[PDB]
Each structure stands twice: as structure tokens, then as C-alpha cells.
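Q: Protein chains in written order, with the entry's author numbering: chain A, 76 to 208, 224 to 297; chain C, 193 to 234; chain C', 193 to 234; chain B, 29 to 42, 53 to 251; chain B', 29 to 42, 53 to 251; chain B'', 29 to 42, 53 to 251. A prime marks a further copy of an entry chain. The beta-carbon is built from N, C-alpha and C at its ideal position, and this holds for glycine as well.
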């Protein structure tokens, strides 16, 4: 039962890590993180085993401070859907928009948790698109800010844990053995090609 | 193991060197348990 | 027209030159009209 | 002959239907397979974008959907020896060969490498399929072995594999063909030093849409 | 293939019966047949007295009764030519070669010549079968021709031929096999100079008795 | 094998009938076909006027009527290549080769050229069939192709074709056979430089009349 796709993918791993400063002259405050599931090599190798995929996602935000102690401070997470403009500053108008859903949660509360459905104009996500427009499948954004009035003087460090749900896959393909070089390109190295089987002494042994 | 039984006979005007491809798969009885992350990647 | 698609492969100890005979005839739809003396003879 | 039906699905309909002049055996030129050859690949829906009625009705339209009936002959004498692996690959993306991690300094394949045309293109590293993926498990795709001591023919009926039921036939190559000489060609002296490989394809169940005069 | 049933009798029972691990295809090593070869013979119930479960259950017992299913492959190219004669001989007694009429001065074959083992032995005078008997009428036995332009295989199902229904499998070789190249091997230059001969035997209907631990 | 029935008529009766010793396979000697060969022809009812019982019963009689069952084997190795055209010709009149228009100065074929006998005769200009008639349309006769990569045998059942139901078997050759190497013989060095051609004929439904002792 633990060999199906729904158990091969559905497990709350760690996708991303977002920093935040909220300082003085560099009064950024916000921290946008374009969300793609190809961050860490493990999930990319498990997701490039297939050609087409379709899934919902559960997102869990676990926010700590620099040292680690957490004081009660309001935080706004904001999901910018595909096509909507990203926020530019801490207090721009793209923060008070009603289309962009927000989650208001304190630091002392349990970690935040939302769910994002299938949001592609095609019938399924495709990672290998042979042609000309990388494809145009996207999931959105997750800009986060400290809700306050007087500038907060702390630097947080959020973690974004993703779990896939209701996963369906199509057109299996072999597993990438060569190392990675870029994010959105399967570029390998021409020289120094690593063999898929470690060498042994001779062909008439069992090493 | 894979042993030479008799010989590799070959008629005239023919290369006396060939190859053998080995392939392998599981069966209907193959069952897998305990999920764990792999170690081919770094 | 008659084109070389891929190649003309040949194993060792074999002549790599062959021939193709072309033949041709009419069909059941072939109909002929207006008699006339030929011009192959003089 | 034995037919390997790709993914167990027949190419079916869902737009004009020519049904007369495009369901004919388009025969590509033969490839000369030699001792030190590496392999060949063909991006399909732009192989036939320059050949006759199918090229005319695929360039002047905007939407496209069809399957294919492939046929790969490789006729050699009874004294040659070797093996080929013919396999279709859905969404066969050619990777770039380099060791650069910067965006506009890393190499990328050109237009002639990604879309070879009606003359095909050869591999550079057939051990990694020019995609960073080892070919040893490339048998996960629909495939046949052309073994030069059992048969000389292969055939693949491949349906339409795409996420959108209609797509442009010019800016998106659906799937590719890859022939690879796993076992090299061997022959005694005095034989034909090169073996021809012939490919004929039939566009089963073609559908075209949105034609711009 | 065509099976020559020896003497028109199937090997039947009459004591333990293994029936599991001894009814398997024991495959002997291949013999390299060349131009100037002479022939080969095998004494059967002591060919398999050193190979696995049948050797264990034939050495540790005292009474023995079984038949055999033979298989002789000889795979050569379509440019080689020649012929073999494969024949079983009940009670194949190897004679000694000499010209002495005195009892303890006349020659006699050694233990390695009478019982060759799992590696066989070659003839010295194949015209007289090393027994003073001409091979031209050796077709009186069960036999097949391995002609290298018609087939490459032979099979002999041989029953139990003995005067006593039980006998020792160590001190009495029941019957022998003899392969003889009647027509020699011929080939043009550049071909494989030696042809392998493979023999697989199956001990049909084995019975063992009186086991001494 | 595939039999080409000449003109769609079986040789039938209409006089003594031997029916025993003349309906046997008369086998002519083999012709050595080489690279620079031209062709061969046989005038039939005087091929067998010197061979045994049919020759005796055809020389000592005055009236004759029979059909024929032909068989032309040409056994070559699988490395030779070429093609033969075997065709029967009713009333095959050999022309003379010259450029003279005067009656008793123009050339004429001799007795050995018109009636070759049981050893046949070779052509001089096979492009014009030695009759001023091009062989390209010689497929209008009953004929077969002996192609050395598909088959090695041909057979022609030819009936009695004559304007008078009885005629002399000595002074009138009814019809002839012509084998012509359209595609020449090719072979690599080290093979057999000449291919034998064997012809066996059977006089189906023979009838003889008016025997002069």
C-alpha cells in the first residue's frame, strides 16, 4: 500500500526557507518567495521521474526569530495568484487588495497552514516542455510581512513545508542519474560523466 | 554465473566476436516496505 | 523516380553491386482508338 | 511482424479531417549506419512540416492533433552483426552540454539541434541520451530491438500524448524517435561497410484547426 | 526437432525416488571440434558421479536404476560444413591396442580411459571404434546424424538396458555415447576455426537403493 | 514450387501408347554458368532422339505427338547473385547472321546449330534471341524467372502446339527452351566460380505411329 503514488509523494517535506530583516534604511520588511517545487534535489528527482502531474498542496509556515525565542507579533502571509502583481514595498497597496488572500497569525500561535488547489490552465503540470513559448505553468507567490504601525526591529526566519495531496502522474520516464547544473534546465556536464555503476576489479568476481 | 559450454564456432569470412546484453526486472511477488530518502544525490 | 532511401548494406565477402529490372504493362482500363500504320519500319 | 502498441491506446479522434492525401507512407531518406556511429533522433511533428500536403496543411493551420504509425527497416546481409534500439520518447527535451551555472553563460542547444527537420540529427553522448538520463533504463518507453540475426523491421503505433487536446505543430515537437546502436556493427573485410536504415511514417487520424490564409 | 526413441521403450519405474532435484538439465562443457579431430565418447553413469545432488545420491547408495534423455547441440555458422554421427552403445567396452598374446604382457586400458569422467575422452582409431568393430555398421545402434546443413541438434531417449534390474553406478558404466566426425570440418579462411559441441543430459526416472552413511 | 501451365491447357491424348518406360525423368547434363556466359537453347523433340527407349520409339516411328513436363534447377550458394530467364518458344527458328541479300550467298545455320542435340547450344547475340527479335518482350511466351535470392527451380508443363495433330519427330523440332542470364553472375573471391544448371524433362502423354522396322 506504501508503493502507490499517493504514498510516494504525500509527506510534509521542506520546500523553502525565507529570510526577513525589517530594518532601517533598507526598510524592505516584506519577503516574497516565488513558489516552485524544484527547490531541493530530492523532490526534483522524485518529480522528474514522471512527465505529467496533477496535485493539490498543503503549505505550513513555521516562523522563528533569529536566536529562536518567539514573542507575540502579528504576521500577514499573502498568496499572490498567477497573473496578479507582486507587492513592491512593505506598505504598498498590493497588501490591502481583496483578491490576494491573507492569513493573519501571531508568532506564539501554532504554525500557519493553508491549501492551494490545481491552478494551471492546462489539464496537468508538465516539467518537460519540448518547444518554444519553458512552459507557462505557475503556482503563485507567498509574500509575508510583519503587520505593525511602528517598524518592528526583529529579523525572523520562516520555513515553508509543503505536502502534496491527491497526486496523479502520467507518462513515466527514467530517473536522472547525472548531477544538476541549473534550475529550469536539465543541463548536464559533457566532460566528467559519472557512471551509473561503481567500478569493480574484474568481470569474473562478485565484488 | 555464465560459462562457456562448448565453443563459439564461426564460418569463414565472419567476425568471431559477439556481445550479450543482460537485462533484469522484478516479478509479481516483489514487495517493498519502509520509505526512505535515496542517496544518489547530494 | 527511384531514390536511395537509406543505403545498400552488404556483409563481408559479398559483392556490393546489384541490379534492378523494371517491367511495365497496361491495365484493364487501357483502351485504344484510331488505327494508323507504324513507323518502326521503312 | 510484431507490432508494439504504444501505451495500449489506439490513436482516435476527438476541425477538418483530410483522410485522403495525408494518410500515406511518407518515406524519409536512409541513414548510413557504420562502425563508429552514435545514434539518431527525430522530432516528429516538424519532420513532416516541409513535405507535401501534410506540411502545407500543418503550416497554414494553428491547431493540430494526430497519432503516428512508424516503420523502421534495417536490411543487412546475413554476415553482418549488431543491434539497434528504436524507442519513442514523449517530450524529448535535448539538454545542453557544459559546466556553467550562470543563466546567460550556460550553453543551450540551437534551433537546428532541437528541431532537426526531415534529415534528423546525431547524438553526442548516447550513454546519457543527451539529456542527463542514462539509456540503460530507456526501455521504460515504448521500444523495440532491431537485432540483425532475428528480424530487420520494427513498428510503433504511437497515439497523441499531450496535456492539451490541441497544440501548435510548429513551436512544439510532441515526441521524438531515437535509434541507438547498442551493439556496434561488425563485419569481415570485403562486405558492405555501411548499412542503410529506412523510416516510413503514416499520420494516423490527423485533425487540423484554425487555418490562416 | 525429431526424437529417436531408443529401442522403442520409454524409461519406466520398477527404493527412493528423488523426482525433484535430479530431473534437471545437467549441462556438460563444450568440446572444441576442429579439422583434425577424431571423436569423443562418454561413459554415462559415471559422468554424473561428481556433479551435485545426483553425484551425492549415486555415490552414497549401492543400487541404481535410471534412464536418460540426451541432448547434443552443435551450433556452427552457415558457411561451415561437416557431419557428425552421435550414437549410444550399450556395454561399450574399450579395447586395448597392442599385438601381444600373453596375459600379463598384453596391454589394457587404464582407469582414466575406461571411465573418462565429466570431461570425456577422445578416440585413437575411430575407424574401429577402439573396440575392433568397424563403425560403418555402427548404425545398428540408436543414432542420429548431425549434418551441418540440415539441423544442429540431436536427442536420444535411452531406457535402462541391463541384465539385472539393479546394479552399482560406480563400478559398472551401463552404456556410452560416441560422437564421431564422419565428414571432416571444412571452412574458408577468416571463419571460426573451431565449433563447440554442447551436451545436456536429464536422468529420467531415477531409483536409488541401499544407502551407506 | 509454383508451376506455370503453358497456355492454360493440359497435355492430353487424341497409335501406340508406351505409358511405362517413356514417362520417366530424363535428366540432361548440367551446364556450367559463369560470368561471361550468354545463354542456352534446346530443340526439344530431337534432344531425346538418342536417349534410350524414347529415342528408339521416336526414331523407328513416323508419326509423333506428345507434351512435356520440364524442370530446371539451378542450385547456387547464398552468396552468389544473378537471375535467369527460362522460356519455351513454339517454332523457334534460328536465324542466320550476315549482311548479304543474295540467295545462295547469304549465310544459313548448319545442322548442328539448328538441331543442337542432347548437349544444347549457346547463343551468339542474346539481345536479339539469334532471331532478329528483341528479348525484352520475350516474356510474351510461357516463362519463369530463376532469381538466385528467392528460388532455385522452375517448371513448365507445355502441351502439344502444332498445326497438324501428327508430325515427324526427326525433321521438325516442335518448340525450344531458352535460358538466358539477364542479370550476370557475381561473387566475391574464394567462392565457386561456376554454377551448375540441371534440366530434367518428362514426356507426358506420348503417342507414336507408323513404325518402319
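Just to confirm the assignment, what range does the alpha helix (DSSP H) spanning residue 92 of chain B' have?
A: Against the fifth chain, residue 92 of chain B' aligns to sequence position 54. Per DSSP, residue 92 of chain B' belongs to the alpha helix (DSSP H) from 90-97.
Q: Between residue 42 of chain A and chain B, is there a C-beta pair that is closer than 7 Å?
A: Examination of residue 42 of chain A is not possible in this model, given that chain A is present from 76 through 297 alone.
Q: Can you tell which of A/228, A/231, A/104 has its C-alpha closest to the C-alpha of residue 239 of chain A?
A: The count along the first chain starts at 1 and reaches residue 239 of chain A at position 149. When only C-alpha atoms are compared, the closest one is A/104.
Q: Residue ranges of each alpha helix (DSSP H) run of no fewer than 4 residues wholly in the region 117-176 of chain B'', ordered along the chain?
A: Entirely contained in the region 117-176 of chain B'', the alpha helix (DSSP H) runs reaching 4 residues are, in chain order, 149-152.
Q: With 7 Å as the threshold, decide whether the Cβ of residue 211 of chain C' is near any Cβ in chain B''.
A: Here the question's residue 211 of chain C' lines up with position 19 in the third chain. Judged by the 7 Å Cβ criterion, residue 211 of chain C' is in contact with chain B''.
Q: Between the region 199-228 of chain C' and chain C, which residues of the former have a C-beta closer than 7 Å to a C-beta of the latter?
A: Result list: 204, 205.
Q: Which term fits residue 188 of chain B'', buried or exposed, when burial requires 16 or more other beta carbons within 10 angstroms of its beta carbon?
A: By one-based count along the sixth chain, residue 188 of chain B'' stands at place 150. The residue in question, residue 188 of chain B'', is exposed, as its Cβ has fewer than 16 Cβ neighbours within 10 Å.
Q: Relative to the C-alpha of residue 52 of chain B, which candidate in B/202, B/54, B/122 has its C-alpha closest?
A: The residue list of chain B ends a segment at 42 and starts the next at 53, so residue 52 of chain B has no coordinates to report.
Q: Would residue 212 of chain C be called buried (16 or more neighbouring beta carbons within 10 Å of its own) or exposed?
A: Along the second chain, one-based indexing puts residue 212 of chain C at 20. Exposed is the call here.
Q: Going by other Cβ atoms of all chains shown within 10 Å of its Cβ, with 16 needed for buried, is residue 256 of chain A buried or exposed?
A: Along the first chain, one-based indexing puts residue 256 of chain A at 166. With fewer than 16 other Cβ atoms within 10 Å, it is exposed.
Q: What is the DSSP secondary structure of residue 81 of chain A, counted as helix, strand or coil?
A: The residue you call residue 81 of chain A lines up with position 6 of the first chain. Looking at residue 81 of chain A - three-state DSSP - the assignment turns out to be helix.
Q: Give the range of the beta strand (DSSP E) segment to which residue 122 of chain A is assigned.
A: Looking up residue 122 of chain A in the first chain gives position 47. Segment 116-122 is the alpha helix (DSSP H) holding residue 122 of chain A; no beta strand (DSSP E) there.
Q: Quick one: is residue 117 of chain B'' buried, meaning 16 or more other Cβ sit within 10 Å of its Cβ, or exposed?
A: Looking up residue 117 of chain B'' in the sixth chain gives position 79. Under this definition residue 117 of chain B'' is a buried residue.
Q: Taking Cβ-Cβ distances shorter than 9 Å, what residues in chain B pair up with residue 160 of chain A?
A: As a working mapping, residue 160 of chain A is identified with position 85 in the first chain. By Cβ distance, chain B contributes nothing, its closest Cβ being about 23 Å from residue 160 of chain A, past 9 Å.
Q: Under 7 Å, CB to CB, which of the residues in the region 113-136 of chain B have a partner in chain C?
A: Residues 117, 119.
Q: Note down, in chain order, all residues in the region 222-240 of chain B'' with a beta-carbon under 9 Å from any beta-carbon belonging to chain C'.
A: Listed in sequence order: 222, 224, 225, 226, 227, 228, 229.
Q: Tell me the rounded alpha-carbon separation between residue 164 of chain B' and residue 295 of chain A.
A: In the fifth chain, counting from the first residue as 1, residue 164 of chain B' sits at position 126. In the first chain, counting from the first residue as 1, residue 295 of chain A sits at position 205. Rounded to the nearest angstrom, the two C-alpha atoms are 41 Å apart.
Q: How is residue 83 of chain B' classed by DSSP in three states: helix, strand or coil?
A: For the purposes of this step, residue 83 of chain B' is taken as residue 45 along the fifth chain, with counting starting at 1. Correct three-state label for residue 83 of chain B': helix.
Q: Have a look at the DSSP bridge pairing and note the partners of residue 228 of chain C.
A: Position 36 of the second chain, counted from the start, is the residue given in the question as residue 228 of chain C. For residue 228 of chain C, which the question treats as bridged, DSSP gives no partner whatsoever.
Q: Please classify residue 99 of chain B'': is it buried, with 16 or more other beta-carbons within 10 angstroms of its beta-carbon, or exposed?
A: Along the sixth chain, read from residue 1 onward, the residue named residue 99 of chain B'' stands at position 61. So residue 99 of chain B'' counts as buried.
Q: When DSSP builds the beta bridges, which residues end up paired with residue 250 of chain B'?
A: Sequence index remark: in the fifth chain, residue 250 of chain B' carries index 212 (1-based). DSSP lists no partner for residue 250 of chain B'.
Q: Can you check whether the CB of residue 229 of chain B is closer than 7 Å to the CB of residue 199 of chain C'?
A: Within the third chain, numbered from 1, the residue matching residue 199 of chain C' stands at position 7. Within the fourth chain, numbered from 1, the residue matching residue 229 of chain B stands at position 191. Cβ atoms of residue 199 of chain C' and residue 229 of chain B: not closer than 7 Å.
Q: In terms of alpha-carbon separation, which member of B'/78, B'/127, B'/65, B'/93 lies closest to residue 84 of chain B'?
A: Within the fifth chain, numbered from 1, the residue matching residue 84 of chain B' stands at position 46. Residue B'/93 is the option with its Cα nearest to residue 84 of chain B'.
Q: Quick one: residues in its chain with C-beta nearer than 7 Å to the C-beta of residue 208 of chain C', no 5 flanking neighbours on either side, listed in chain order?
A: Taking the third chain and counting its residues from 1, the one referred to as residue 208 of chain C' is at position 16. For residue 208 of chain C', where only same-chain residues beyond five positions count, the Cβ hits under 7 Å are 200, 202.
Q: What does the alpha-carbon distance come out to for the pair residue 199 of chain A and residue 134 of chain A?
A: Counting from 1 along the first chain, the entry for residue 199 of chain A is found at position 124. Counting from 1 along the first chain, the entry for residue 134 of chain A is found at position 59. Straight-line Cα distance between these residues: approximately 20 Å.
Q: Distance check for residue 82 of chain A and residue 88 of chain A, CA to CA, integer angstroms please.
A: Taking the first chain and counting its residues from 1, one reaches residue 88 of chain A at position 13. Taking the first chain and counting its residues from 1, one reaches residue 82 of chain A at position 7. The straight-line gap from Cα to Cα measures roughly 13 Å.
Q: By the criterion of Cβ-Cβ separation under 8 Å, what are the contact partners of residue 169 of chain B in chain A?
A: Position 131 of the fourth chain, counted from the first residue, corresponds to residue 169 of chain B. Neighbours of residue 169 of chain B on chain A, chain order: 276, 278.
Q: When you compare the CB of residue 104 of chain B with every CB in chain A, is at least one pair closer than 7 Å?
A: Within the fourth chain, numbered from 1, the residue matching residue 104 of chain B stands at position 66. No, because no Cβ of chain A sits closer than 7 Å to the Cβ of residue 104 of chain B.
Q: Looking only at its chain, what residues have a beta carbon closer than 7 Å to the beta carbon of residue 111 of chain B, apart from the 5 residues adjacent to it on each side?
A: Along the fourth chain, read from residue 1 onward, the residue named residue 111 of chain B stands at position 73. Taken in chain order, the residues that qualify are 190, 191, 236.
Q: Counting only runs that start and end within the region 106-172 of chain A, where is the alpha helix (DSSP H) found for 4 or more residues in a row?
A: For the region 106-172 of chain A, whole alpha helix (DSSP H) runs of length 4 or above, ordered along the chain, are 116-122.
Q: Candidates B/184, B/245, B/178: which alpha carbon is nearest residue 223 of chain B's?
A: For this step, residue 223 of chain B is matched to residue 185 along the fourth chain. Among B/184, B/245, B/178, the Cα nearest to that of residue 223 of chain B belongs to B/184.
Q: Where does residue 192 of chain B fall in DSSP's three states?
A: Your numbering for residue 192 of chain B matches position 154 in the fourth chain. Correct three-state label for residue 192 of chain B: strand.
Q: Using the C-alpha atoms, what's the distance from residue 108 of chain A back to residue 236 of chain A?
A: For the purposes of this step, residue 236 of chain A is taken as residue 146 along the first chain, with counting starting at 1. For the purposes of this step, residue 108 of chain A is taken as residue 33 along the first chain, with counting starting at 1. If I take the Cα positions, the gap works out to 15 Å.
Q: Assuming residue 134 of chain B' and residue 78 of chain B' form a contact by the criterion Cβ under 8 Å, report the distance between their Cβ atoms to the nearest whole angstrom.
A: On the fifth chain, position 96 is the one that residue 134 of chain B' refers to. On the fifth chain, position 40 is the one that residue 78 of chain B' refers to. Going by Cβ atoms, the distance from residue 134 of chain B' to residue 78 of chain B' rounds to 19 Å, so no, they are not a contact pair.
Q: Should residue 152 of chain A be counted as a contact of the ligand COA given a C-beta to heavy atom distance under 6 Å?
A: Ligands displayed in this structure: none; no statement on the ligand COA is therefore possible.
Q: Excluding five sequence neighbours on each side, which residues of the same chain lie with their C-beta closer than 7 Å to the C-beta of residue 168 of chain B'?
A: For this step, residue 168 of chain B' is matched to residue 130 along the fifth chain. Taken in chain order, the residues that qualify are 132, 133, 161, 162.
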